[PDB]
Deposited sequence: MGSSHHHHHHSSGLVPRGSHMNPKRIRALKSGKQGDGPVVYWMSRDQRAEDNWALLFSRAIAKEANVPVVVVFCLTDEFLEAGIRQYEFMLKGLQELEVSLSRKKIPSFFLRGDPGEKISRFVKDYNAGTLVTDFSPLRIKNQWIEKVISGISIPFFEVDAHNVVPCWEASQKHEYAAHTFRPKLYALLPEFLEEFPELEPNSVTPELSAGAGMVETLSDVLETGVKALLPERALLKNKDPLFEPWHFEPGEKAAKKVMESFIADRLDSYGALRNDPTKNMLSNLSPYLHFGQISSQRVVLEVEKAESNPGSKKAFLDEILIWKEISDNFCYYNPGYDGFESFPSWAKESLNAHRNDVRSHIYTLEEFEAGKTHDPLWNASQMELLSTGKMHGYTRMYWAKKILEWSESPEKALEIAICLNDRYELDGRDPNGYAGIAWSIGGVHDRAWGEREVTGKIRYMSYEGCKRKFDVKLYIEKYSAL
């Protein structure tokens, strides 16, 4: 086990109780560096391990589509962790008040959590640190290369972060050891009841159409660790050979569809990369997929980790802030409100059909995710309003929302983060522009619109 994956958040006197794993971002039992590191520490202290998840008060800021997908994967996770004599405890409330209470009530010896560069996770760590006296560690179980190890600063481009990650791949890209079960079983409600009351609280804000029927379709992505692997195997055997040539065509189902499992941590990217590297296929398709799950996925964590204002206008590059400021007073072609963007009531049918795919499936195609956010910048009163509208609609309706990938993907489309300067236009400035005629020359836009009426 590599010691460069674990960081120390607070020193203190070790207790004589079970080692607590505060699971948050990585909700899986297999291939979860934070969970094996909690097991070896407890094996060294002659004590068992205990998994603790917190059902926060911010679950209503999203929708039912994310509340059911996450909880249904935990019901499978609770059954999974029990076979290895690893009990799980699901607390409801503020993590700062619940984790600090569980540590004192259960006489915890060492607290361990997974890594997440989001601001809400740093808020929980600050309150938890102030209420505990036991050692507190964090382990990067989401990236193949630890976020603090791949680079010591913010990388402004993908071509300057690529040789750093690939140079550290031979050391960190490795096979996972088997999770050892607890020697003996050690010494706050059912997840079905917490799902029934939570869905009841989210029902008045459900996404409906005019016929009062729900818009979300839950049969597109089944949640769980078992379903995550079956999607990975189907992509390797059916979709990866044609990925490099059909990844920018939204009319084809050629993407791996692993982001709802990668966001909630139901499948490990290191596990997918290991299966991808050992699969024989198109080298241009393998290179394109690894560039998406290794470079662009972990550079998003690098963005949110080294930029406190990753969701603001101040984190944009200097050339983009100067260009957007010189094109702010430009008369926009159209100005729609957040409700018109949410209901897909724009003059552009491609943007509306893209929004409908987001409303109905919860996972908009990767190429249309570019056109969807850039048109928000073109049809907003300011770049800041375009940031607020894009983030709100992205985090509310996307299954993989509230993730550093979306914040870095939105900052690319509006602020040009990890991009370069293009031809200067009005309103948008030197930000890369995607037109409706350009997408017609790339894929059948009529088929993508007719599919999402």
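Positions of the deposited sequence absent from the coordinates, in order: 1-20, 208-214, 481-482.
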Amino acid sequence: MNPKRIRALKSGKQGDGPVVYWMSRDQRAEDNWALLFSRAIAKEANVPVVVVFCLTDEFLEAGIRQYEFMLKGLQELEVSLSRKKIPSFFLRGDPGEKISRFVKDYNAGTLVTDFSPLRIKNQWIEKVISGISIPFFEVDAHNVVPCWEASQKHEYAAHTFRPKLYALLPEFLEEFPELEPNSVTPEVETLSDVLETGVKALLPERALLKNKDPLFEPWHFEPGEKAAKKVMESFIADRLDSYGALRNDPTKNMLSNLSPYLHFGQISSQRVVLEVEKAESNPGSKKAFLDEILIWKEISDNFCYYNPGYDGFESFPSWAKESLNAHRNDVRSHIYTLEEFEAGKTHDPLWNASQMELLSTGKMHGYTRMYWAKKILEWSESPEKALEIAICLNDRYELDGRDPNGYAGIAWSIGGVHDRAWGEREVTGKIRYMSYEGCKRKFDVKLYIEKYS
From here on, numbers count along this sequence of modelled residues.
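Rigid core (definition): largest C-alpha set, two forms, superposition within 1.5 Å.
The higher RMS C-alpha distance to the shown form in 6 other deposited structures of this protein, out of 133-141 and 204-212, belongs to 204-212, with every structure fitted on the core. Taking the rigid core as the alignment reference, the C-alpha atoms of 194-202 lie farther on average from the displayed form in 6 other deposited structures of this protein than those of the other stretch among 332-340 and 194-202. Where the other entries of this protein model the residues before and after it, residue 186 is dropped from at least a third of them. The mean C-alpha temperature factor is higher for 190-198 when 190-198 and 298-306 are set side by side. The question of which stretch, 258-266 or 78-86, has the higher mean Cα B factor is settled in favour of 78-86.
The entry lists C-alpha B-factors for 340, 322, 126, 378, and the highest of these is at 340.
Looking only at 118, 373, 184, 358, the residue with the top Cα B factor in the deposited structure is 184.
Sorting the modelled residues of the chain by their CA temperature factor places residue 351 in the middle third.
In the deposited entry, the Cα temperature factor of residue 431 places it in the middle third of its chain's modelled residues.
Annotation for residue 46: CA B-factor lies in the highest third of the chain's modelled residues.
Ranked against the other modelled residues of its chain, the C-alpha B-factor of residue 418 as given in the entry falls in the middle third. In this PDB entry, the Cα temperature factor of residue 208 sits in the top third of its chain's modelled residues, the highest group.
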